[PDB]
Amino acid sequence: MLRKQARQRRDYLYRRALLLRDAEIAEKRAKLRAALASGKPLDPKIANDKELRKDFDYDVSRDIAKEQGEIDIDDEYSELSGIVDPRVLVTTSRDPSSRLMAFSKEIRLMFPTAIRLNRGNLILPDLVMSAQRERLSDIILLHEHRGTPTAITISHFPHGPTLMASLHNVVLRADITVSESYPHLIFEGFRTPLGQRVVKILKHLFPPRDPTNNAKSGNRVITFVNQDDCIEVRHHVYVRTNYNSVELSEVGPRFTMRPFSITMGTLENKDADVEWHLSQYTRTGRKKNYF
Amino acid sequence: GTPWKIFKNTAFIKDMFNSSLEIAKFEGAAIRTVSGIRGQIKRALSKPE
Amino acid sequence: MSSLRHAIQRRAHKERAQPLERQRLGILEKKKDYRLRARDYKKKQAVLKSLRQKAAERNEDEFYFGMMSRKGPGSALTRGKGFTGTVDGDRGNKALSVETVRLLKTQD
Amino acid sequence: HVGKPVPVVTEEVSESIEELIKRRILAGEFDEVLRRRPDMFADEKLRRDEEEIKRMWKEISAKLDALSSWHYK
Amino acid sequence: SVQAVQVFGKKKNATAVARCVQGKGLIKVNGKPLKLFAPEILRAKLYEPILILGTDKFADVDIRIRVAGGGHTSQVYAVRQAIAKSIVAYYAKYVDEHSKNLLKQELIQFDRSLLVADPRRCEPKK
Amino acid sequence: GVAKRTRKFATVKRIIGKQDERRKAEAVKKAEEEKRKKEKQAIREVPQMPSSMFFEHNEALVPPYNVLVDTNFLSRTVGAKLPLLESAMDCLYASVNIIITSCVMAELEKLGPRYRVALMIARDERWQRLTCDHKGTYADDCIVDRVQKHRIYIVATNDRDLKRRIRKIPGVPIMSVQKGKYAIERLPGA
Amino acid sequence: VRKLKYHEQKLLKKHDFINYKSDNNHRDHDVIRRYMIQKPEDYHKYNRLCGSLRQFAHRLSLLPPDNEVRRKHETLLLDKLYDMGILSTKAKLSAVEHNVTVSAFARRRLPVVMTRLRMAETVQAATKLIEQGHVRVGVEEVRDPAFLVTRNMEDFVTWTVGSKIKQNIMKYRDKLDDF
Amino acid sequence: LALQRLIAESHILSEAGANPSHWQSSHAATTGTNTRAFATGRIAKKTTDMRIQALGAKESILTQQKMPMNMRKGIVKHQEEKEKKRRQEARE
Amino acid sequence: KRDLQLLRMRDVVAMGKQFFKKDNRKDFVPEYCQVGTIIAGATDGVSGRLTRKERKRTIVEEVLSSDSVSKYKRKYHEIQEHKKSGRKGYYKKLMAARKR
Amino acid sequence: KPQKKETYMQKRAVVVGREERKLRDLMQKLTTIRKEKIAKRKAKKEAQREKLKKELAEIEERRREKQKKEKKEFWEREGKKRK
Ligand SMILES: [Zn+2]
């Protein structure tokens with residue numbers, strides 16, 4: 001088990017390193033193909049590279065599959081992209097408060113296949129060992145300041161990218177029961193490849209959908225939208241009262257979220273390579289949305 | 001002002017502002033250490049006014 | 001240009017020492033001493049990072065033939081108060097037989 | 001100042017979010033991940049070449065599973 | 001060329017070694033004897049393998065126990081596991097193989113936690 | 001009868017394998033002999049900085065000036081119609097003895113009877129025939145070997161190859177022919 | 001056979017008793033000696049499986065490159081041979097064109113993969129241990145030094161049950177237990 | 001474009017089998033090197049090599065670069081003897 | 001072996017008054033050596049001759065017999081005063097200065 | 001580990017007097033002055049080496065500009081004279 005997932009971490013990082021080694025031969029090969037097809041200008045280093053022609057003729061068709069969009073990108077997600085139903089735990093900090101366990105109640109109440117554990121006293125490599133053995137395909141962590149929560153840490157398994165994010169502007173459930181259908185994800189403003197990574201680690205966190213009639217069937221919508229790299233999520237229930245009108249309602253936690261870390265490797269990997277963090281205390285770090 | 005208590009990245013510093021009102025006026029400010037070490041005023045410590 | 005620069009435009013600027021109260025506390029680190037403790041700490045944490053990746057990514061069923069001629073680091077229970085995390089080494093001392101100690105004490 | 005401030009969400013911002021929701025619902029498009037079916041997978045010269053390559057892959061793939069001593073997929 | 005057996009015992013964090021050799025009946029836990037360790041109300045749980053197995057099984061051996069970590073309770077369970085595994089292991093290697101199986105039967109018919117420690121994981125319910 | 005002789009365990013067949021003698025190449029073996037002779041014979045070769053040099057000034061060249069003549073120079077002065085002793089004499093203002101190596105007369109004779117005038121002006125019996133002994137009959141390496149050894153001579157050449165080759169070694173004059181007269185590069189006299 | 005003279009060598013230029021051109025620069029037992037292959041017949045067995053596998057890659061790249069039998073047998077060849085363990089990435093058919101190799105088979109053997117897992121120090125020590133029978137792959141005590149280990153069976157390989165080597169490991173680490 | 005590939009690649013596409021009237025080409029349709037089960041991609045290799053030679057290449061993969069000089073003089077001598085016989089048979 | 005060490009270290013002995021051929025080989029002990037003494041030049045017997053209190057037993061005893069031994073110790077305490085710069089007595093003085 | 005027990009081979013040895021004591025002291029003081037000596041000498045050779053490679057880097061920048069100007073003027077010449 002542990003030897004399996006350790007060797008899968010190591011083999012995955014090795015194949016990613018071979019992507020970074022073959023980037024230049026990939027762009028050179030794409031200019032060779034596109035300049036075979038389109039027209040006569042071609043660079044004489046490309047035309048003179050004699051290994052590129054043989055390895056070209058062996059490796060044309062997979063770049064055709066990329067341009068067509070056939071094959072899937074090697075990732076911590078697309079091994080089990082939309083077939084498995086991702087079981088997602090939610091936990092808190094060590095001695096949670098009344099407001100914090102209520103907030104845990106409403107965010108497990110936000111995801112459909114989300115189980116909730118009481119914290120108790122559970123050593124964190126037993127969190128990753130426990131979710132490692134009972135295949136919780138995502139856990140999320142919670143942190144408070146005086147019950148009013150201040151962080152979440154989504155982190156998924158066997159070795160997937162954890163995201164650490166602070167937490168602002170939180171309104172809980174007000175005075176008064178919410179459905180659990182497979183929800184409607186919308187994502188607005190994720191323009192960059194870091195936005196594409198955070199959008200992938202949020203859109204593989206929910207149960208997938210059979211693709212026939214997702215456009216009409218279902219009454220629950222979950223909305224993520226970022227202004228100034230501080231994403232938003234609201235939780236609304238809707239009845240489509242016409243063919244050209246719809247009535248929404250705020251159903252749950254009014255939520256905004258400032259991501260400050262995206263670390264590849266799980267919640268225990270406090271030594272593994274980050275891909276992103278807030279660059280505060282640089283001098284032009286407060287003038288950029290994504291990086 | 002002078003570092004009063006030194007944690008790893010935070011630091012309680014002293015002898016600089018007179019009151020929590022002044023801290024709150026400067027409660028997002030870019031503060032700097034003459035080692036060339038930037039920092040941010042976060043929040044007024046309560047009892048050591 | 002360097003020829004188009006004066007001699008007051010080449011004056012060294014003076015580093016300022018501490019106040020006489022803080023002279024108890026020590027040297028004011030300005031940029032040099034900060035870079036010395038920063039590069040030293042980066043080097044230490046780089047070595048500790050490599051060693052944590054060793055201890056995490058070690059193979060429990062590993063076999064070396066030096067284990068038949070060395071004594072391992074043990075644990076806090078097999079070593080007790082005399083536990084550091086390290087493997088002891090050889091000072092070259094040895095239990096010396098009784099004939100040669102008779103030789104050394106005729107000499108003594 | 002250091003870093004970014006975090007904005008206070010007001011009613012115009014929240015109702016503009018509601019307008020984004022209503023535009024996506026009515027003009028229904030979503031980023032829900034869709035369920036893939038798991039088991040997804042002259043012309044005489046092309047098909048003669050294809051049948052010879054299928055014969056080659058049955059022979060070679062059997063020999064590879066035999067070298068791995070039936071620890072294949 | 002001595003008759004020596006090393007044996008461990010476990011609980012939450014208390015780990016205990018016990019070395020059992022050819023002796024004359026003593027059991028000493030961290031130097032002090034066995035009837036002196038582990039404050040009074042749990043020494044019956046210390047004695048449980050002795051008065052299951054009978055002292056006649058123990059009048060030929062010496063058991064030396066070092067205990068580290070944990071609280072008092074976990075040190076008690078680590079000690080009694082080290083006692084039981086110590087005598088089963090000594091009778092495994094030095095006296096005949098039938099008597100091992102008889103001692104395993106007595107200890108297992110009482111409680112298997114004298115031999116196999118089962119540490120608790122958690123239950124993420126479905 | 002007797003307990004039989006135990007077999008070994010990890011026995012492999014005896015195959016010839018890399019890094020033998022009889023498989024290894026003869027030029028690699030001569031490279032090993034060269035590395036051993038130059039490892040046993042412990043010599044730190046520092047050639048002496050030549051006598052009569054003061055920081056890239058040869059004071060050892062003084063009139064009567066010696067001048068090694070190249071095939072380039074004999075061709076371009078019989079082409080520029082400019083007599084050799086009188087115009088070297090006229091560009092240095094000093095009595096010269098011109099020296100013509102057997103590599104240089106070898107290369108002019110290898111050039112065919114188009115250049116029989118340049119050969120017949122190159123074999124002037126006034127001049128010092130400087131007999132060389134090396135296998136090549138290649139004039140540019142003969143000249144840089146000779147100048148590198150003694151560093152007295154003035155080298156009369158015109159090619160960018162050899163002029164650029166002996167701008168690298170200090171304190172040597174380069175005599176060229178700029179179509180009406182000769183030229184001297186780095187002799188700090190006239 | 002003395003070192004031949006000048007005239008005898010140039011009368012014998014092609015001559016050598018040791019290397020022939022048919023001997024393939026003795027690449028056979030460079031790989032045999034390097035990876036402890038106890039039989040040259042097993043070298044050439046792996047060689048011909050390399051040859052058939054690599055010409056299957058050749059005739060995959062001889063198809064027109066939009067074809068579906070190509071776009072499926074590429075993924076099954078690469079995924080089969082990767083999860084086998086011989087290749088190291090599954091995103092390049094040129095990697096089968098020049099990166100499948102009887103040295104890659106031979107380094108996917110058992111004493112090399114447990115040397116690489118540091119079950120021993122060298123391939124000779126690990127080979128000797130797996131001919132004395134201390135190892136297992138999975139549940140079965142493997143005593144074959146040519147047992148090809150696949151990529152997920154490079155996790156379930158350890159010492160057998162009553163192993164003196166394993167008592168030396170727990171004995172070194174000062175944590176054994178005679179129970 | 002594609003017509004430059006037509007007129008340029010005509011001795012190879014015509015060398016395969018594609019003219020049943022012509023004697024060299026329909027001899028080459030059942031010669032054996034195109035009745036093997038993999039031929040259109042061999043000729044696709046040669047024509048993509050001709051395309052890169054049109055796109056600014058001086059050397060082909062297809063040629064053997066190193067030969068023992070009597071094989072080589074035999075082959076180049078053989079090509080020159082064939083073309084000399086063809087030009088002495090172009091006086092008909 | 002002390003004398004051989006002194007012969008790889010003769011540049012420090014003549015303290016700047018005489019510099020030598022820099023001979024940095026790793027193993028300073030040669031394979032073949034033979035410890036001799038100068039006998040006599042038949043032109044120099046007045047000043048070019050050691051006396052009874054100077055025909056000492058080793059080269060190291062000659063260097064110890066010569067002058068500049070307090071110069072050796074002086075340069076040695078320049079070096080020790082620079083190698084006790086900020087090492088541990090310094091930081092121990094800082095800790096006492098703060099805790100006082 | 002440091003040994004806190006004086007063993008017998010340490011309780012056995014010969015206490016050596018003033019002459020060999022001072023030969024040891026002189027030999028040590030010479031060896032420390034040698035170590036600081038070579039530390040200085042190789043510090044300054046390292047600095048002069050860094051100046052040498054610095055200005056060699058600048059002169060190879062200027063050699064690169066000679067390469068680009070020469071090839072650019074060439075392909076002006078034959079680049080015009082092929083057309
Ligand atoms: Zn010559």
# chains A, B, ... in the order shown; residues from 1 in each chain; ligands from 1
>>> residues_near_ligand(ligand="ligand 1", cutoff="7 Å", atoms="only C-alpha atoms and all ligand atoms", output="list in words")
residues 101, 102, 103, 132, 133, 134, 137, 138, 139 and 142 of chain F
>>> interface_residues(of="chain A", to="chain B", cutoff="12 Å", atoms="only C-alpha atoms", output="ChimeraX atom specification")
/A:280-283
>>> write_last_selection(atoms="N, CA, C and O atoms", output="compact mmCIF listing (two decimals), in the first residue's frame")
# COMPACT_ATOMS: atom_id res chain seq x y z
N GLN A 280 2.94 38.00 -0.97
CA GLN A 280 3.16 39.20 -0.18
C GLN A 280 4.64 39.31 0.13
O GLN A 280 5.42 38.39 -0.08
N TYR A 281 5.04 40.51 0.55
CA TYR A 281 6.40 40.91 0.88
C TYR A 281 7.36 40.82 -0.31
O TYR A 281 8.58 40.91 -0.11
N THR A 282 6.86 40.60 -1.52
CA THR A 282 7.50 41.14 -2.69
C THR A 282 6.94 42.54 -2.88
O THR A 282 6.00 42.93 -2.20
N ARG A 283 7.52 43.29 -3.80
CA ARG A 283 7.12 44.68 -3.90
C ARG A 283 6.11 44.94 -4.99
O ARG A 283 5.33 45.90 -4.87
>>> residues_around(residues="residue I:39", least_positions_apart="3", cutoff="12 Å", atoms="only C-alpha atoms", output="PDB file with C-alpha atoms, in the first residue's frame")
ATOM      1  CA  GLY I  36      73.711  14.213   6.665  1.00  0.00           C
ATOM      2  CA  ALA I  42      88.598  24.826   2.755  1.00  0.00           C
ATOM      3  CA  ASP I  44      85.531  29.309   5.022  1.00  0.00           C
ATOM      4  CA  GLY I  45      86.389  28.431   8.603  1.00  0.00           C
ATOM      5  CA  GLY I  48      81.092  29.729   7.821  1.00  0.00           C
ATOM      6  CA  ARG I  49      81.164  27.116  10.582  1.00  0.00           C
ATOM      7  CA  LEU I  50      78.804  26.232  13.411  1.00  0.00           C
ATOM      8  CA  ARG I  55      75.908  21.822  16.059  1.00  0.00           C
TER       9      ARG I  55
END
>>> interface_residues(of="chain F", to="chain G", cutoff="12 Å", atoms="only C-alpha atoms", output="PyMOL selection string")
chain F and resi 8-26+29
>>> residues_around(residues="stretch 10-14 of chain I", least_positions_apart="4", cutoff="10 Å", atoms="only C-alpha atoms", output="PyMOL selection string")
(chain I and resi 4-6+18-22+63+68-69+72) or (chain J and resi 30-35+37)
>>> closest_residue(among="G:62, G:117, G:142, G:12", to="chain H", atoms="only C-alpha atoms")
G:62
>>> select_by_dssp(residues="chain B", states="helix (DSSP H, G or I)", output="PyMOL selection string")
chain B and resi 20-25
>>> write_last_selection(atoms="N, CA, C and O atoms", output="PDB file, in the first residue's frame")
ATOM      1  N   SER B  20      -3.749  51.827  20.811  1.00  0.00           N
ATOM      2  CA  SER B  20      -4.435  50.947  19.877  1.00  0.00           C
ATOM      3  C   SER B  20      -5.185  51.714  18.800  1.00  0.00           C
ATOM      4  O   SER B  20      -5.422  51.169  17.717  1.00  0.00           O
ATOM      5  N   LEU B  21      -5.579  52.959  19.087  1.00  0.00           N
ATOM      6  CA  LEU B  21      -6.146  53.821  18.059  1.00  0.00           C
ATOM      7  C   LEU B  21      -5.129  54.104  16.965  1.00  0.00           C
ATOM      8  O   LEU B  21      -5.454  54.044  15.773  1.00  0.00           O
ATOM      9  N   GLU B  22      -3.889  54.404  17.357  1.00  0.00           N
ATOM     10  CA  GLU B  22      -2.830  54.646  16.387  1.00  0.00           C
ATOM     11  C   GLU B  22      -2.479  53.383  15.621  1.00  0.00           C
ATOM     12  O   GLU B  22      -2.225  53.453  14.407  1.00  0.00           O
ATOM     13  N   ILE B  23      -2.468  52.229  16.309  1.00  0.00           N
ATOM     14  CA  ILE B  23      -2.242  50.958  15.621  1.00  0.00           C
ATOM     15  C   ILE B  23      -3.325  50.731  14.577  1.00  0.00           C
ATOM     16  O   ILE B  23      -3.049  50.286  13.458  1.00  0.00           O
ATOM     17  N   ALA B  24      -4.577  51.018  14.942  1.00  0.00           N
ATOM     18  CA  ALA B  24      -5.698  50.788  14.041  1.00  0.00           C
ATOM     19  C   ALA B  24      -5.667  51.734  12.856  1.00  0.00           C
ATOM     20  O   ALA B  24      -6.086  51.356  11.756  1.00  0.00           O
ATOM     21  N   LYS B  25      -5.189  52.963  13.061  1.00  0.00           N
ATOM     22  CA  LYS B  25      -4.951  53.848  11.929  1.00  0.00           C
ATOM     23  C   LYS B  25      -3.888  53.283  11.000  1.00  0.00           C
ATOM     24  O   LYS B  25      -4.030  53.368   9.776  1.00  0.00           O
TER      25      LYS B  25
END
>>> residues_around(residues="residue E:55", least_positions_apart="4", cutoff="12 Å", atoms="only C-alpha atoms", output="list in words")
residues 24, 25, 26, 27, 47, 48, 49, 50, 51, 59, 60, 61 and 87 of chain E
>>> write_last_selection(atoms="N, CA, C and O atoms", output="mmCIF file, in the first residue's frame")
data_model
loop_
_atom_site.group_PDB
_atom_site.id
_atom_site.type_symbol
_atom_site.label_atom_id
_atom_site.label_comp_id
_atom_site.auth_asym_id
_atom_site.auth_seq_id
_atom_site.Cartn_x
_atom_site.Cartn_y
_atom_site.Cartn_z
ATOM 1 N N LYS E 24 15.854 -17.697 37.940
ATOM 2 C CA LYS E 24 15.356 -18.335 39.148
ATOM 3 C C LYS E 24 14.075 -17.696 39.670
ATOM 4 O O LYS E 24 13.831 -17.730 40.882
ATOM 5 N N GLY E 25 13.254 -17.113 38.803
ATOM 6 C CA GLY E 25 11.911 -16.722 39.180
ATOM 7 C C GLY E 25 11.626 -15.239 39.187
ATOM 8 O O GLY E 25 10.454 -14.861 39.169
ATOM 9 N N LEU E 26 12.642 -14.386 39.192
ATOM 10 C CA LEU E 26 12.445 -12.951 39.336
ATOM 11 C C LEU E 26 11.874 -12.326 38.067
ATOM 12 O O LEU E 26 12.177 -12.749 36.948
ATOM 13 N N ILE E 27 11.034 -11.308 38.254
ATOM 14 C CA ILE E 27 10.662 -10.383 37.188
ATOM 15 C C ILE E 27 10.907 -8.976 37.694
ATOM 16 O O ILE E 27 10.287 -8.552 38.676
ATOM 17 N N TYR E 47 -0.398 -9.024 37.021
ATOM 18 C CA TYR E 47 -0.191 -10.390 37.473
ATOM 19 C C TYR E 47 -0.944 -11.398 36.635
ATOM 20 O O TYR E 47 -0.645 -12.584 36.745
ATOM 21 N N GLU E 48 -1.925 -10.950 35.836
ATOM 22 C CA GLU E 48 -2.822 -11.793 35.044
ATOM 23 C C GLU E 48 -2.132 -12.903 34.238
ATOM 24 O O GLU E 48 -2.594 -14.042 34.337
ATOM 25 N N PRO E 49 -1.006 -12.694 33.526
ATOM 26 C CA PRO E 49 -0.342 -13.859 32.905
ATOM 27 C C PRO E 49 0.297 -14.822 33.898
ATOM 28 O O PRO E 49 0.409 -16.018 33.591
ATOM 29 N N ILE E 50 0.691 -14.343 35.079
ATOM 30 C CA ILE E 50 1.366 -15.188 36.060
ATOM 31 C C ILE E 50 0.391 -16.173 36.674
ATOM 32 O O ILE E 50 0.676 -17.367 36.793
ATOM 33 N N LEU E 51 -0.768 -15.683 37.089
ATOM 34 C CA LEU E 51 -1.760 -16.554 37.688
ATOM 35 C C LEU E 51 -2.772 -17.093 36.689
ATOM 36 O O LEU E 51 -3.743 -17.727 37.111
ATOM 37 N N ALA E 59 9.219 -20.392 37.520
ATOM 38 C CA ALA E 59 10.286 -20.608 38.490
ATOM 39 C C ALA E 59 11.631 -20.992 37.867
ATOM 40 O O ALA E 59 12.539 -21.373 38.609
ATOM 41 N N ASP E 60 11.792 -20.917 36.548
ATOM 42 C CA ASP E 60 13.063 -21.222 35.910
ATOM 43 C C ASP E 60 13.569 -20.089 35.031
ATOM 44 O O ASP E 60 14.600 -20.253 34.368
ATOM 45 N N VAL E 61 12.880 -18.946 34.998
ATOM 46 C CA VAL E 61 13.213 -17.866 34.080
ATOM 47 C C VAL E 61 13.381 -16.551 34.829
ATOM 48 O O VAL E 61 12.960 -16.393 35.975
ATOM 49 N N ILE E 87 7.279 -15.396 27.897
ATOM 50 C CA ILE E 87 7.294 -16.800 28.290
ATOM 51 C C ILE E 87 6.893 -17.703 27.133
ATOM 52 O O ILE E 87 7.435 -18.808 26.988
#
>>> residues_around(residues="stretch 24-40 of chain H", least_positions_apart="5", cutoff="12 Å", atoms="only C-alpha atoms", output="PyMOL selection string")
(chain D and resi 42-53) or (chain G and resi 55-56+58-64) or (chain H and resi 10-19+45-48)
>>> write_last_selection(atoms="C-alpha atoms", output="compact mmCIF listing (two decimals), in the first residue's frame")
# COMPACT_ATOMS: atom_id res chain seq x y z
CA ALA D 42 -6.71 1.44 -51.20
CA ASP D 43 -8.99 0.40 -48.34
CA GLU D 44 -8.07 -3.22 -49.02
CA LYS D 45 -4.46 -2.30 -48.25
CA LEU D 46 -5.45 -0.28 -45.18
CA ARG D 47 -7.60 -3.07 -43.79
CA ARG D 48 -5.10 -5.81 -44.68
CA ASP D 49 -2.47 -3.79 -42.79
CA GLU D 50 -4.88 -3.30 -39.87
CA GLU D 51 -5.65 -7.02 -39.59
CA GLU D 52 -1.96 -7.92 -39.74
CA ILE D 53 -1.26 -5.39 -36.99
CA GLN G 55 9.05 -3.85 -35.20
CA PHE G 56 5.48 -3.76 -33.92
CA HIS G 58 7.67 0.30 -36.56
CA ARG G 59 4.54 -0.98 -38.26
CA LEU G 60 2.38 1.08 -35.95
CA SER G 61 4.19 4.14 -37.25
CA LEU G 62 3.85 2.91 -40.80
CA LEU G 63 0.08 3.41 -40.61
CA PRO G 64 -1.41 6.73 -41.72
CA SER H 10 5.66 10.94 -59.62
CA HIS H 11 8.53 8.46 -59.99
CA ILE H 12 7.78 6.98 -56.55
CA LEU H 13 3.98 6.97 -56.67
CA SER H 14 4.48 5.68 -60.21
CA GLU H 15 7.23 3.37 -58.96
CA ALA H 16 4.83 1.64 -56.57
CA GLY H 17 2.02 0.18 -58.68
CA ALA H 18 -0.18 3.04 -59.74
CA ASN H 19 0.02 2.66 -63.56
CA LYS H 45 7.99 7.55 -45.49
CA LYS H 46 9.78 8.19 -48.78
CA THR H 47 7.33 10.91 -49.82
CA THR H 48 7.44 12.72 -46.47
>>> residues_around(residues="residue D:18", least_positions_apart="6", cutoff="10 Å", atoms="only C-alpha atoms", output="MDAnalysis selection string")
(chainID A and resid 223 234 236 248:250) or (chainID D and resid 12 24)
>>> decode(residues="stretch 4-21 of chain C", atoms="N, CA and C atoms", output="mmCIF file, in the first residue's frame")
data_model
loop_
_atom_site.group_PDB
_atom_site.id
_atom_site.type_symbol
_atom_site.label_atom_id
_atom_site.label_comp_id
_atom_site.auth_asym_id
_atom_site.auth_seq_id
_atom_site.Cartn_x
_atom_site.Cartn_y
_atom_site.Cartn_z
ATOM 1 N N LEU C 4 32.185 60.672 -16.760
ATOM 2 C CA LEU C 4 31.157 61.690 -16.559
ATOM 3 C C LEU C 4 30.508 61.563 -15.194
ATOM 4 N N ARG C 5 31.312 61.208 -14.200
ATOM 5 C CA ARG C 5 30.897 61.123 -12.809
ATOM 6 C C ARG C 5 31.894 61.921 -11.985
ATOM 7 N N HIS C 6 31.412 62.683 -11.005
ATOM 8 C CA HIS C 6 32.309 63.512 -10.206
ATOM 9 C C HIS C 6 33.046 62.677 -9.160
ATOM 10 N N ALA C 7 33.670 63.374 -8.214
ATOM 11 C CA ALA C 7 34.280 62.700 -7.079
ATOM 12 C C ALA C 7 33.406 62.755 -5.840
ATOM 13 N N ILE C 8 32.387 63.615 -5.828
ATOM 14 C CA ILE C 8 31.401 63.561 -4.759
ATOM 15 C C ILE C 8 30.325 62.552 -5.125
ATOM 16 N N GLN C 9 30.206 62.233 -6.406
ATOM 17 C CA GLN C 9 29.331 61.158 -6.845
ATOM 18 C C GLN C 9 29.978 59.787 -6.730
ATOM 19 N N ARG C 10 31.061 59.661 -5.968
ATOM 20 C CA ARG C 10 31.682 58.381 -5.672
ATOM 21 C C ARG C 10 31.974 58.228 -4.190
ATOM 22 N N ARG C 11 31.447 59.121 -3.362
ATOM 23 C CA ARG C 11 31.645 59.047 -1.926
ATOM 24 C C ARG C 11 30.943 57.830 -1.352
ATOM 25 N N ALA C 12 31.664 57.066 -0.541
ATOM 26 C CA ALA C 12 31.050 55.965 0.176
ATOM 27 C C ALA C 12 30.067 56.497 1.200
ATOM 28 N N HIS C 13 28.934 55.827 1.319
ATOM 29 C CA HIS C 13 27.929 56.226 2.281
ATOM 30 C C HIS C 13 28.097 55.419 3.560
ATOM 31 N N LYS C 14 27.935 56.092 4.695
ATOM 32 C CA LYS C 14 28.350 55.538 5.974
ATOM 33 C C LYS C 14 27.237 54.731 6.625
ATOM 34 N N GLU C 15 27.565 53.511 7.038
ATOM 35 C CA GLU C 15 26.628 52.664 7.761
ATOM 36 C C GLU C 15 26.498 53.155 9.199
ATOM 37 N N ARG C 16 25.277 53.134 9.721
ATOM 38 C CA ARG C 16 25.013 53.712 11.029
ATOM 39 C C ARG C 16 24.912 52.646 12.104
ATOM 40 N N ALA C 17 25.665 52.825 13.183
ATOM 41 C CA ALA C 17 25.666 51.879 14.287
ATOM 42 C C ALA C 17 24.395 52.046 15.112
ATOM 43 N N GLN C 18 24.282 51.260 16.169
ATOM 44 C CA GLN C 18 23.118 51.281 17.030
ATOM 45 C C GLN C 18 23.164 52.433 18.011
ATOM 46 N N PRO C 19 22.027 52.799 18.558
ATOM 47 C CA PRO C 19 22.032 53.628 19.762
ATOM 48 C C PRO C 19 22.707 52.945 20.940
ATOM 49 N N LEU C 20 23.104 53.764 21.911
ATOM 50 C CA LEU C 20 23.922 53.281 23.012
ATOM 51 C C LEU C 20 23.115 52.437 23.986
ATOM 52 N N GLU C 21 21.789 52.545 23.944
ATOM 53 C CA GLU C 21 20.945 51.609 24.671
ATOM 54 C C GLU C 21 21.011 50.221 24.044
#
